[PDB]
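In: Enclosed are the sequence and the experimentally obtained structure.
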Amino acid sequence: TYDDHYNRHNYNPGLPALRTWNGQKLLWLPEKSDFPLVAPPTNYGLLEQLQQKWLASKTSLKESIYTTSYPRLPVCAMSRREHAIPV
Amino acid sequence: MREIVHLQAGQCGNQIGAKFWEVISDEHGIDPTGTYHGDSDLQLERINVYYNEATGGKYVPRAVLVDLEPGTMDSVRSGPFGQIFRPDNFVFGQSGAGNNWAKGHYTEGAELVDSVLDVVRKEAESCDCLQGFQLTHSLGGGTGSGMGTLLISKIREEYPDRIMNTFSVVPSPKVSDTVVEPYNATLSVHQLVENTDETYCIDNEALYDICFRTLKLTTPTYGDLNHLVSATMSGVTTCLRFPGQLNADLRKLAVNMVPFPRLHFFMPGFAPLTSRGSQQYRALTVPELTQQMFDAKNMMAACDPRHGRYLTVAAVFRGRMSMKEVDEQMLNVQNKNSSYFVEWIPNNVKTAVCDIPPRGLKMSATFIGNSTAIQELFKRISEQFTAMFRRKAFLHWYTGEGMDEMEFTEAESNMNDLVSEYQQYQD
Amino acid sequence: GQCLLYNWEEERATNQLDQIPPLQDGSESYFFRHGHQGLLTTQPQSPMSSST
Amino acid sequence: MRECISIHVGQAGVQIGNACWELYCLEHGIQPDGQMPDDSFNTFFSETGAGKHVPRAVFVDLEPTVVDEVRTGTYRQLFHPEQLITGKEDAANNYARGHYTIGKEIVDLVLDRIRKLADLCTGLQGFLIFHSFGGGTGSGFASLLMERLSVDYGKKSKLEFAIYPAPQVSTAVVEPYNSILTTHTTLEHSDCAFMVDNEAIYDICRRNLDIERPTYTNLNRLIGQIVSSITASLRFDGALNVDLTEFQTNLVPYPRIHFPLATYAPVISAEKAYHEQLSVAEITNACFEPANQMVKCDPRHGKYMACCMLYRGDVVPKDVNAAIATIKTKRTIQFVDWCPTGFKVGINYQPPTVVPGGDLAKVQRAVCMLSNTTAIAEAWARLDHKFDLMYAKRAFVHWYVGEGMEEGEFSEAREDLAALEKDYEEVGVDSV
Ligand SMILES: Nc1nc2c(ncn2[C@@H]2O[C@H](COP(=O)(O)OP(=O)(O)OP(=O)(O)O)[C@@H](O)[C@H]2O)c(=O)[nH]1
Ligand SMILES: Nc1nc2c(ncn2[C@@H]2O[C@H](COP(=O)(O)OP(=O)(O)O)[C@@H](O)[C@H]2O)c(=O)[nH]1
Ligand SMILES: [Mg+2]
């Protein structure tokens, strides 16, 4: 419900924009209180997050924690050293 | 020389105060930037009565704008004539009064009045010969009725000789917009009477009656109401600014208008109120003014003068005219309505003439009146005050501030004593 | 006030003198909160009389 | 600069926070991620270094699920991750759980977060607290937080928006207990209360808005409209700007009388609005009709004490004046002897905005009423009747005594609210 209202902003393309009459059902026939949208359900990155979290388990990951912790750094990420003494 | 200091407090005084500075900036011909773009010489000879000289041909208003909440200070800065006011002249608090007379007068106004007293003393020392002080505020707020009425107590002790007048806004009984309204007013009237030379009681109700009937505008907002108040503010001080056939000043009427320092409450009126549709069809003479200004429907306060006796009357004329039927019509209204005047003061009408007209209108006139009918409005507050006070309602807001209970009694005793001796001066 | 009702006299007298919202403003009260221009100084384009 | 801090506690508090913060972001124009693509906007949204604004609210709930829903919603990047606080276990419709054993674990964390928020803000206008009397969390945690907040900030105003249990319908059975025993906190550590029930707003939505089957969000949008109508005078400009302190003084006569009544107008749909012409007279006449209260009580059987009117939009003081005079010329509406003047009018200029997918039509003008009146005495009279009818047989008491509170306070609470209604009868007495 919270995803339907706040996340989706009540995005129901099948529902008409305005309301009209109905004759026998002495009401205004369209009604957003029923007929939800039943589109692709409430989803976000958590599926893939869990999939990676358990896929990255069964690997032959022999190595020292030193070598897996200290790789070769990019030359782009070096410090620019703006403030320095000489001219 | 003859300078005027305009004190400005509260949501009320800030709005009409900005409105007042808009009118007199037009007449003296200053743009909102600060340069003199008028044409006549007489526009700029005595500009220094409200305006202070600045380098580069600039002029700054000599006004002090205060409010215990900072929201209005952004608004007046955001007005049409918003940049003209000096940034140091803005002194503002963080917490509002809550329509609480006690909070603005003792709790939080106490820390701020020194800041207001600081700028005023420098304001006072800047002018060579200050003629007096001027304040616009609300008797029904928390700041003007509260801290503002505190400022009156301090400067009067500091500057005794100078004349101060209050263009205050009284509540109406027919319409009110505050439940605790009679508490602040009853706690305000007790202070003005002690130290104020003359008071111009302005009613918000009668102004709505004016624009509905006299001017017949379909949606006059608050800005139109402030204009008619702004019109009166310029109308009283015009003979000071310009030459006249017979001039006057704030003392020439204040001395002439009060027989006793207790009787100092006044009822201010404006003469030339005609609808926009039929302006070209209007005739402009002395008679139709006198028939207009003495009518009760024209009046800007909530008392019918037909129910009281006129003690003294002061009228200041604007417009180059001569005096003969100006003098004659004052006699015609005097002898005809002889019952509506008191008899122990002969020739109770005061007239004053200034030569210049306003912009766009060849003539103007401003009426200042002391009547018995102003005493009726005060009794209406007491009838409201006692009913709420007898049940001690809404009182813990005042009680929890360190105030005692007897100050409510003495203020009730004062204005009851005022209307007691005011009534005996009717008979 | 094309319809003749409830002060249509003044409404048609100042039908265009007051109605100038330049298509950004959506409320006459907000546009005229400061005060109505055409009041007590009709044709406000006359300078001070220099005659004393 | 004026700043208000929101104290949303409980599941109801979190949901009303969702609706109100959606409306605030919309009306200021804030993106849901937290970027700006007259108004003040500083009172609620606080700048950060990267040009991003962070709301000044604290969401606390003792069940993690509802807060996690917002943590995984659209507004996940808008609220500060420290601002939203959760507990593993709830109070589960128990004041004793909400007050004596479960709250004390996280009271200090909540107070530290509030202290940081108050240190960020410069001029704090006050604390707006949202909760419900029925829920264990919404009663207990609100009570303990309020009693500690009172000693932390003596002079700061503490306003309450509370969901009162309805006269007939109920979402639980043990709620009269919690609603009875939260009264001490809401009576001595409070400044004003805004009790609402769900039943009256159900009726109002069915009757005027024509939505035959309202859900909780249909109420939450209306509550958000109430709070925006309240704080518009802080947010924007107007002829008569009003403040929290302004209406506390104009609405509380006595220290034991701080329960005004909430009312909103106009509340209609687009099909109604297109053909019904909305004037200030009509909206102020609708706002006084007893069929338009947010709480189930007839003011015709009570007596008005004080009213705060909040107008907003293309509203004019003269038609306000005619409205008020017409209201006063009525024998049907009554006022007490000691309140000859009982209206406080506040005016704002910015017209209320509309949430897409909403229910209210786009209206140029709006009004809100806060009416302190004595007709709400019957509500606690019914509450007292039902509380005695259950307590006489000591029902459900073992849960409380086992959680660790003593039983004399039961009778103490009953005596307390009996004294409350006695004082309300005292005020309703006229000195004629
Ligand atoms: N108007 C409105 N009322 C709500 C909403 N959510 C909950 N309530 C009210 O809250 C009451 C129940 O309290 P809850 O918030 O569910 O529970 P709690 O306050 O967290 O206390 P615990 O159950 O112990 O955790 C119900 O009686 C509802 O009337 C809402 O979204 N809108
Ligand atoms: N005539 C007039 N009255 C005003 C104006 N602004 C505010 N008021 C009145 O001032 C009263 C509220 O004043 P308030 O803000 O509480 O004063 P403060 O508390 O002393 O700052 C209201 O009753 C208004 O009628 C204005 O521009 N013109
Ligand atoms: Mg819960």
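Out: Alright, I've got the coordinates. Residues are numbered from 1 along each chain as shown, chains lettered A, B, ... in the order given. Ligands and ions are numbered 1, 2, ... in the order given.
In: Number of residues surrounding the closest residue to chain C within the stretch 51-200 of chain D?
Out: Using CB to the nearest CB, the closest approach of the stretch 51-200 of chain D to chain C is made by residue D:125 at 24.7 Å. C-beta coordinates here come from the backbone N, C-alpha and C atoms, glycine included. Counted with other CB atoms under 10 Å in any protein chain shown, residues neighbouring residue D:125 total 23.
In: Can you tell me the SS state at it?
Out: strand (DSSP: H, G, I helix; E, B strand; the rest coil).
In: Could you count how many residues lie near residue B:45?
Out: Counted with other CB under 10 Å, the neighbours of residue B:45 add up to 11.
In: Tell me who's in contact with the residue nearest to residue C:44 when sequence neighbours are not counted.
Out: Closest residue in space to residue C:44, ignoring its immediate chain neighbours: residue B:360 at 4.4 Å, by CB to CB, 6 or more residues apart in numbering or on different chains. By CB atoms under 8 Å, 6 or more residues apart in numbering or on different chains, the contact set of residue B:360 is C:40-46.
In: Can you tell me how far residue B:360 is from chain D?
Out: Distance of residue B:360 to chain D, given as CB to the nearest CB, to the nearest Å: 26 Å.
In: Now do the same for that residue: helix, strand or coil?
Out: Relying on three-state DSSP, one would call residue B:360 coil.
In: tell me which element residue D:414 is part of?
Out: helix D:408-428 (DSSP states H and E).
In: List the buried residues of that helix.
Out: D:410, D:413-414, D:416-417, D:420-421, D:424, D:427 (16 or more other CB atoms under 10 Å in any protein chain shown).
In: can you list the residues of the stretch 101-250 of chain D near chain A?
Out: Contact residues, the stretch 101-250 of chain D versus chain A (CB under 8 Å from any CB of the partner chain): D:210-215, D:217.
In: Beyond the helix or strand harbouring residue B:316, next helix or strand please.
Out: Assigned by DSSP H and E, residue B:316 belongs to strand B:310-318. Going down the chain from strand B:310-318, the next helix or strand is helix B:324-336, by DSSP H and E.
In: for that following helix, the distance to its chain's centre please.
Out: 27 Å (CA atoms, centre = their mean, to the nearest Å).
In: Run through the neighbouring helices and strands of that helix.
Out: If you count contacts as 3 or more CB pairs under 8 Å, 6 or more residues apart in numbering or on different chains; DSSP states H and E, helix B:324-336 packs onto helix B:286-293, strand B:349-354.
In: And the closest residue to chain D within the stretch 201-350 of chain B, how close does it get to residue D:139?
Out: Nearest residue of the stretch 201-350 of chain B to chain D: residue B:222, at 4.9 Å (CB to the nearest CB). Per CB to CB, to the nearest Å, residue B:222 is found 45 Å from residue D:139.
In: quick one: which of those two has more around it?
Out: Set residue B:222 next to residue D:139 and count neighbours by other CB under 10 Å: residue D:139 wins out with 33 against 21.
In: Contact partners for that one?
Out: D:91, D:95, D:98-99, D:131-133, D:178-179, D:181-182 are the contacts of residue D:139 under CB under 8 Å, 6+ apart.
In: What is the nearest of those to residue B:285?
Out: residue D:131 (70.9 Å; CB to CB).
In: Shouldn't the closest one be within a helix?
Out: No: per three-state DSSP, residue D:131 lies outside any helix segment and is strand.
In: mind listing what it touches?
Out: With CB under 8 Å, 6+ apart, residue D:131 has these contacts: D:8-10, D:12-13, D:138-139, D:141-142, D:160-163.
In: Tell me which of these fall in strands.
Out: Residues of the contacts of residue D:131 located in strands (DSSP state E): D:160-163.
In: ranking those residues by neighbours, who comes first?
Out: In terms of neighbour count, residue D:161 stands highest of the ones in strands among the contacts of residue D:131 at 26 neighbours, by other CB under 10 Å.
In: any idea how far ligand 1 is from it?
Out: 10 Å (CB to the nearest ligand atom, to the nearest Å).
In: Spatially nearest residue to that residue (excluding sequence neighbours)?
Out: Excluding the flanking residues, the one nearest residue D:161 by CB to CB, 6+ apart is residue D:194, at 4.4 Å.
In: got a list of what the one you found touches?
Out: So residue D:194 contacts D:159-162, D:226, D:260, D:262, D:370 (CB under 8 Å, 6+ apart).
In: Over to residue 28: give its phi and psi.
Out: All of this refers to chain A. Per-residue torsions, residue A:28: phi -110, psi 110 (degrees, to the nearest 10).
In: my bad, the chain I had in mind was chain C
Out: Dihedral angles (degrees, to the nearest 10) for residue C:28: phi -60, psi -30.
In: Count the neighbours of residue 1 for me.
Out: By default, I'm working from chain A. Using other CB under 10 Å, residue A:1 has 11 other residues around it.
In: hmm, I had chain C in mind actually
Out: Neighbours of residue C:1 (other CB under 10 Å): 16.
In: How about residue C:19?
Out: By other CB under 10 Å, 11 other residues sit near residue C:19.
In: number of nearby residues for residue C:11?
Out: Using other CB under 10 Å, residue C:11 has 18 neighbouring residues.
In: Which helix or which strand is home to the closest residue to it other than its chain neighbours?
Out: Nearest non-adjacent residue to residue C:11, counting by CB to CB, 6+ apart: residue C:1, 3.2 Å away. Under DSSP H and E, no helix or strand contains residue C:1.
In: right, and residue C:1 touches residue C:13 too?
Out: No: counting by CB atoms under 8 Å, residue C:1 stays clear of residue C:13, with 9.7 Å between them.
In: quick one, longest helix in chain A?
Out: helix A:46-55 (DSSP state H).
In: Kindly format the C-alpha coordinates of that helix as PDB.
Out: This file holds the C-alpha atoms of helix A:46-55, laid out as PDB (Å, rounded to 0.1, in the frame of the first residue of the first chain):
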ATOM      1  CA  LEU A  46      17.700  -6.200  -2.700                       C
ATOM      2  CA  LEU A  47      17.200  -9.200  -5.000                       C
ATOM      3  CA  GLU A  48      20.500  -8.700  -6.800                       C
ATOM      4  CA  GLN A  49      22.200  -7.600  -3.500                       C
ATOM      5  CA  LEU A  50      21.300 -11.000  -1.800                       C
ATOM      6  CA  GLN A  51      22.200 -12.800  -5.000                       C
ATOM      7  CA  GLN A  52      25.700 -11.400  -5.000                       C
ATOM      8  CA  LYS A  53      26.000 -11.800  -1.200                       C
ATOM      9  CA  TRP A  54      25.600 -15.500  -1.600                       C
ATOM     10  CA  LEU A  55      27.100 -16.000  -5.000                       C
END
